[PDB]
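Asks: model this:
(2 chains)
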Amino acid sequence: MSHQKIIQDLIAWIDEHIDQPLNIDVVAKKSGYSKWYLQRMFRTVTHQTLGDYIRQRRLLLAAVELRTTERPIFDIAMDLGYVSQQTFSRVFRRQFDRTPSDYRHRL
DNA sequence: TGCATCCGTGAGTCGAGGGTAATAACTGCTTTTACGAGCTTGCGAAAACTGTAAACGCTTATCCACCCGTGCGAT
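Replies: Numbers count the residues shown, from 1 in each chain, chains lettered A, B, ... in the order given. Let me share the structure:
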């Protein structure tokens, strides 16, 4: 089994469990590998990062929880690896170039 | 020294059903008291509006250290 089949399984590993507290100590242990070694092979298969991409699906989930659900900004961050919305609102100007308040207005 | 008038006594719980009636003047005249009518203050409400330290949600400016963007290495 080549490693390009490993990371193909890893793209369906998280697509249901980004609302869960999913950390690297779960992803590495339930893959059969170590904590660091999964990140070296992750570059040569999809050209992007791993610890930011789980945020990139988490910040994708916050936008589809804002354009559909009435949940506030402060405690969507509580389930997605943040302890407050102060940093969680800040990276959204990097990921989608918008404010977490301004997305729901422009339809 | 009787004799004659007089004041003061006379069980206790309950009970039922209730309260009266005879008879008595008219007039003109003058002073006091009440009853409704109509105001005057004033007092408790409704409906607006001008001063402050927090007043509901929410962005940034920072600092920093867990983690690890990757590379290269461990047997």
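
Asks: Enumerate the residues of chain A near DNA strand B.
Replies: A:24-25, A:35-36, A:39-40, A:42-44, A:48-52, A:72-74, A:85-86, A:89-90, A:93, A:99-101 (CB under 7 Å from any atom of the strand). For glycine as for every other residue, the C-beta is placed from the backbone atoms N, C-alpha and C.

Asks: Restrict those residues to the buried ones and give me that as a ChimeraX selection.
Replies: Restricted to buried positions by 16 or more other CB atoms under 10 Å, the ChimeraX selection for these reads:
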select /A:42,50,73,85,89,100
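
Asks: What is the burial count for the residue nearest to residue A:79 when sequence neighbours are not counted?
Replies: Beyond its immediate neighbours in the sequence, the residue positioned closest to residue A:79 (CB to CB, 6 or more residues apart in numbering) is residue A:19, lying 6.5 Å away. Look at residue A:19: counted by other CB atoms under 10 Å, it has 12 neighbours.

Asks: OK, contacts around residue A:19?
Replies: Residue A:19 makes contacts with A:61, A:79, A:80, as judged by CB atoms under 8 Å, 6 or more residues apart in numbering.

Asks: Could you do residue A:91 as well?
Replies: Neighbouring residues of residue A:91 by CB under 8 Å, 6+ apart: A:55, A:59.

Asks: Longest helix in chain A, please.
Replies: The single longest helix within chain A, with elements called by DSSP state H, is helix A:53-64.

Asks: how about the following helix or strand past that one as CSV, C-alpha atoms only?
Replies: Per DSSP states H and E, the first helix or strand lying C-terminal to helix A:53-64 is helix A:73-76. What follows is helix A:73-76 as a C-alpha-only set of coordinates in CSV (Å, rounded to 0.1, in the frame of the first residue of the first chain):
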residue,chain,number,x,y,z
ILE,A,73,-19.2,33.7,17.0
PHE,A,74,-18.0,33.3,20.6
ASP,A,75,-18.8,29.7,21.1
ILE,A,76,-18.4,28.2,17.7
